[PDB]
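Worksheet: the structure to be examined is printed underneath.
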2 protein chains.
Amino acid sequence: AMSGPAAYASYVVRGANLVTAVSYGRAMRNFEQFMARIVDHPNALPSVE
Amino acid sequence: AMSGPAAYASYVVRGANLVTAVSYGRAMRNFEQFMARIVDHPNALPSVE
């Protein structure tokens, strides 16, 4: 017996990646984390937890 | 005597322009108004008015 997930994780190109996917021809996994670290906390050192 | 602007037009790379400027090698002009055509309201034909 084991207990894992039941479904796939869903990744989809939503409203901010979809502009750079169309216009630049490059997209990114999870835009919201890249934006919330470059401009929101620019001096946050990479910690583990 | 003519009427004209008192100052220059501003363009700042703040916001979502700064993420793609750092992560990728490119940057829009007016990313926000450019976003409202592609994902916020698609298949709308260009009209001058």
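How things are named: the first chain in the structure tokens is A, the next is B, and so on; residues count from 1 in each chain; ligands count from 1 in the order shown.
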What would chain B look like once superposed on chain A, with the fit done by least squares over all C-alpha atoms paired in order? Give it as a tab-separated table (two decimals) with N, CA, C and O atoms, in the first residue's frame.
```
chain	number	residue	atom	x	y	z
B	1	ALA	N	0.87	-0.53	0.73
B	1	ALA	CA	-0.05	0.55	0.34
B	1	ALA	C	0.67	1.88	0.53
B	1	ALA	O	1.18	2.15	1.62
B	2	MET	N	0.69	2.71	-0.51
B	2	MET	CA	1.33	4.02	-0.45
B	2	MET	C	0.35	5.12	-0.84
B	2	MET	O	-0.68	4.88	-1.47
B	3	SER	N	0.71	6.35	-0.47
B	3	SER	CA	-0.07	7.53	-0.80
B	3	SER	C	0.62	8.35	-1.88
B	3	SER	O	1.83	8.60	-1.83
B	4	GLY	N	-0.16	8.80	-2.85
B	4	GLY	CA	0.35	9.57	-3.96
B	4	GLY	C	-0.75	10.37	-4.63
B	4	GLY	O	-1.93	10.22	-4.31
B	5	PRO	N	-0.37	11.23	-5.58
B	5	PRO	CA	-1.36	12.10	-6.23
B	5	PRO	C	-2.35	11.35	-7.10
B	5	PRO	O	-2.05	10.29	-7.64
B	6	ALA	N	-3.54	11.94	-7.23
B	6	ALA	CA	-4.59	11.33	-8.03
B	6	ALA	C	-4.52	11.79	-9.48
B	6	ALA	O	-4.97	11.08	-10.38
B	7	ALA	N	-3.98	12.98	-9.72
B	7	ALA	CA	-3.94	13.54	-11.06
B	7	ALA	C	-2.57	14.15	-11.31
B	7	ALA	O	-1.73	14.26	-10.41
B	8	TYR	N	-2.36	14.57	-12.55
B	8	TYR	CA	-1.13	15.24	-12.93
B	8	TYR	C	-1.14	16.68	-12.43
B	8	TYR	O	-2.18	17.21	-12.03
B	9	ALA	N	0.02	17.31	-12.48
B	9	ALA	CA	0.11	18.73	-12.19
B	9	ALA	C	-0.20	19.52	-13.46
B	9	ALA	O	0.23	19.16	-14.55
B	10	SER	N	-0.96	20.59	-13.30
B	10	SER	CA	-1.36	21.41	-14.43
B	10	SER	C	-0.34	22.52	-14.67
B	10	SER	O	0.26	23.04	-13.73
B	11	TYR	N	-0.17	22.87	-15.94
B	11	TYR	CA	0.59	24.05	-16.33
B	11	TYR	C	-0.08	24.68	-17.54
B	11	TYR	O	-0.10	24.08	-18.62
B	12	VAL	N	-0.62	25.89	-17.36
B	12	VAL	CA	-1.37	26.60	-18.39
B	12	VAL	C	-0.63	27.90	-18.67
B	12	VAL	O	-0.06	28.51	-17.76
B	13	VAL	N	-0.63	28.34	-19.94
B	13	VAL	CA	0.16	29.49	-20.38
B	13	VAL	C	-0.73	30.73	-20.30
B	13	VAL	O	-0.47	31.74	-20.96
B	14	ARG	N	-1.81	30.66	-19.52
B	14	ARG	CA	-2.69	31.81	-19.37
B	14	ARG	C	-2.00	32.94	-18.62
B	14	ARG	O	-1.04	32.73	-17.87
B	15	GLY	N	-2.47	34.16	-18.85
B	15	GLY	CA	-2.01	35.31	-18.11
B	15	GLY	C	-0.87	36.04	-18.78
B	15	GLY	O	-0.83	36.24	-20.00
B	16	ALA	N	0.10	36.45	-17.95
B	16	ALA	CA	1.23	37.23	-18.44
B	16	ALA	C	2.27	36.36	-19.14
B	16	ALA	O	3.18	36.89	-19.78
B	17	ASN	N	2.16	35.04	-19.02
B	17	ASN	CA	2.98	34.14	-19.82
B	17	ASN	C	2.62	34.24	-21.29
B	17	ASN	O	3.46	34.02	-22.16
B	18	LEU	N	1.36	34.55	-21.59
B	18	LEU	CA	0.89	34.49	-22.96
B	18	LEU	C	1.36	35.69	-23.76
B	18	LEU	O	1.48	35.61	-24.99
B	19	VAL	N	1.62	36.81	-23.09
B	19	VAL	CA	2.08	38.01	-23.80
B	19	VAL	C	3.50	37.81	-24.30
B	19	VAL	O	3.81	38.07	-25.47
B	20	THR	N	4.38	37.31	-23.43
B	20	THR	CA	5.76	37.09	-23.83
B	20	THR	C	5.90	35.86	-24.72
B	20	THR	O	6.87	35.75	-25.47
B	21	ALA	N	4.94	34.93	-24.66
B	21	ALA	CA	4.96	33.79	-25.57
B	21	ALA	C	4.62	34.23	-26.99
B	21	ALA	O	5.17	33.69	-27.96
B	22	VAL	N	3.72	35.20	-27.13
B	22	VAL	CA	3.33	35.66	-28.45
B	22	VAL	C	4.30	36.71	-28.97
B	22	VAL	O	4.81	36.60	-30.09
B	23	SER	N	4.57	37.75	-28.18
B	23	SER	CA	5.43	38.84	-28.63
B	23	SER	C	6.88	38.40	-28.76
B	23	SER	O	7.51	38.66	-29.79
B	24	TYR	N	7.42	37.75	-27.74
B	24	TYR	CA	8.76	37.19	-27.81
B	24	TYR	C	8.68	35.70	-28.11
B	24	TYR	O	7.60	35.12	-28.21
B	25	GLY	N	9.83	35.07	-28.27
B	25	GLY	CA	9.81	33.66	-28.60
B	25	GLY	C	9.94	32.74	-27.41
B	25	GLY	O	10.28	31.57	-27.58
B	26	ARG	N	9.69	33.23	-26.20
B	26	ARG	CA	9.94	32.44	-25.00
B	26	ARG	C	8.78	32.55	-24.03
B	26	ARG	O	7.89	33.39	-24.18
B	27	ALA	N	8.80	31.69	-23.01
B	27	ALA	CA	7.76	31.66	-22.00
B	27	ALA	C	8.31	31.02	-20.74
B	27	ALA	O	9.03	30.02	-20.81
B	28	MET	N	7.99	31.61	-19.59
B	28	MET	CA	8.42	31.10	-18.29
B	28	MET	C	7.71	29.81	-17.93
B	28	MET	O	6.86	29.30	-18.66
B	29	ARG	N	8.09	29.28	-16.77
B	29	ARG	CA	7.22	28.43	-15.97
B	29	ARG	C	6.98	29.16	-14.66
B	29	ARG	O	7.95	29.52	-13.97
B	30	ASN	N	5.70	29.37	-14.32
B	30	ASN	CA	5.28	30.14	-13.14
B	30	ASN	C	5.89	31.53	-13.12
B	30	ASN	O	6.76	31.84	-12.31
B	31	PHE	N	5.47	32.36	-14.09
B	31	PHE	CA	5.88	33.75	-14.19
B	31	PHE	C	5.57	34.55	-12.93
B	31	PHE	O	6.34	35.44	-12.54
B	32	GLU	N	4.45	34.26	-12.28
B	32	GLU	CA	3.96	35.05	-11.16
B	32	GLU	C	4.83	34.89	-9.92
B	32	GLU	O	5.16	35.89	-9.27
B	33	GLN	N	5.20	33.66	-9.58
B	33	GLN	CA	6.07	33.44	-8.42
B	33	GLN	C	7.50	33.88	-8.74
B	33	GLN	O	8.25	34.32	-7.86
B	34	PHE	N	7.87	33.78	-10.01
B	34	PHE	CA	9.14	34.29	-10.51
B	34	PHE	C	9.20	35.81	-10.46
B	34	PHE	O	10.28	36.37	-10.32
B	35	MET	N	8.05	36.48	-10.60
B	35	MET	CA	7.98	37.93	-10.52
B	35	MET	C	8.12	38.43	-9.09
B	35	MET	O	8.75	39.46	-8.85
B	36	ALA	N	7.55	37.70	-8.13
B	36	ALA	CA	7.55	38.12	-6.74
B	36	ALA	C	8.93	38.06	-6.08
B	36	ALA	O	9.07	38.53	-4.95
B	37	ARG	N	9.93	37.48	-6.75
B	37	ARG	CA	11.28	37.48	-6.21
B	37	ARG	C	12.08	38.67	-6.73
B	37	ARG	O	12.84	39.30	-5.99
B	38	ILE	N	11.92	38.99	-8.01
B	38	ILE	CA	12.73	40.02	-8.65
B	38	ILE	C	12.27	41.42	-8.26
B	38	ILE	O	13.04	42.21	-7.71
B	39	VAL	N	11.00	41.74	-8.53
B	39	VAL	CA	10.58	43.13	-8.41
B	39	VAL	C	9.78	43.37	-7.13
B	39	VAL	O	9.83	44.47	-6.57
B	40	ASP	N	9.08	42.36	-6.62
B	40	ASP	CA	8.21	42.61	-5.47
B	40	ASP	C	9.00	42.64	-4.17
B	40	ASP	O	8.64	43.37	-3.24
B	41	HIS	N	10.08	41.87	-4.09
B	41	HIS	CA	10.88	41.77	-2.88
B	41	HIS	C	12.31	41.40	-3.26
B	41	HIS	O	12.71	40.23	-3.21
B	42	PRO	N	13.12	42.39	-3.65
B	42	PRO	CA	14.49	42.10	-4.09
B	42	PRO	C	15.41	41.81	-2.91
B	42	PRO	O	14.97	41.70	-1.77
B	43	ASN	N	16.69	41.65	-3.27
B	43	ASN	CA	17.89	41.39	-2.42
B	43	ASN	C	17.61	40.53	-1.19
B	43	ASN	O	18.06	40.81	-0.08
B	44	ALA	N	16.87	39.46	-1.42
B	44	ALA	CA	16.57	38.46	-0.40
B	44	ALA	C	17.28	37.19	-0.78
B	44	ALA	O	16.99	36.61	-1.83
B	45	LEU	N	18.23	36.77	0.05
B	45	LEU	CA	19.08	35.63	-0.26
B	45	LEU	C	18.26	34.34	-0.27
B	45	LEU	O	17.29	34.21	0.47
B	46	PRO	N	18.60	33.40	-1.15
B	46	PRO	CA	17.85	32.14	-1.20
B	46	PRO	C	18.10	31.29	0.04
B	46	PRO	O	19.24	31.10	0.47
B	47	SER	N	17.01	30.80	0.62
B	47	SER	CA	17.05	30.00	1.83
B	47	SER	C	16.02	28.89	1.70
B	47	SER	O	14.87	29.16	1.36
B	48	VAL	N	16.45	27.66	1.99
B	48	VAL	CA	15.71	26.44	1.69
B	48	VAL	C	14.35	26.38	2.39
B	48	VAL	O	13.40	25.82	1.84
B	49	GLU	N	14.23	27.00	3.56
B	49	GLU	CA	13.04	26.85	4.39
B	49	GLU	C	11.82	27.53	3.78
B	49	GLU	O	10.71	27.00	3.82
```
